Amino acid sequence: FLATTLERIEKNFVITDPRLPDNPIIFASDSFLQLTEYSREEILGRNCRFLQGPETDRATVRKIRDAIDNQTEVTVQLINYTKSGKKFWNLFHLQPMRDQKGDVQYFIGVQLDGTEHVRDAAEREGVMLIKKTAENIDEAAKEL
């Protein structure tokens, strides 16, 4: 699966299609693949929960579940794992992408990887970056 132009955008993100069973990944950026160590072929058609592992806070995962079910945005931080089992902190932002009648068509997920739970200035700057990134991908996804 050769990268589309969308997938060559130099940010970590995935797009899922909630019409397909278990809301699977249909697009994943090259940066996301570099971060997580998976090939595109390995993760297309899978739900993103494969990134979770033993030290992932399950209460935080439920916050994400609730946002998806209520079709709203959420921003959380949680521990995720690469294919080889390397841990990273993920400052994660979810938002729905809506069509011209306001119905949700896709979900966008943006990941900012780090080595620690961030707070205060680092958190603020991280959230600035991931929200701007989500906006750019929302525009890009409009014509998919």
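Quick note: we count residues from 1 along the sequence shown, nothing fancier.
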* **Average Cα temperature factor in the PDB entry - higher stretch of 127 to 135, 18 to 26** => 127 to 135
* Quick one: classify residue 68 as lowest, middle or highest third of the chain based on its Cα B-factor. => middle
* To do: Please place residue 118 in the lowest, middle or highest third of its chain by C-alpha B factor as given in the entry.
  => highest
* Structure fact -> residue 82: CA temperature factor from the record, placed by chain third, in the lowest
* Asked: If you rank every modelled residue in this chain by C-alpha B factor, which third holds residue 42: lowest, middle or highest?
  -> highest
* Asked: Among the chain's modelled residues, which third holds the C-alpha B-factor of residue 95?
  -> highest
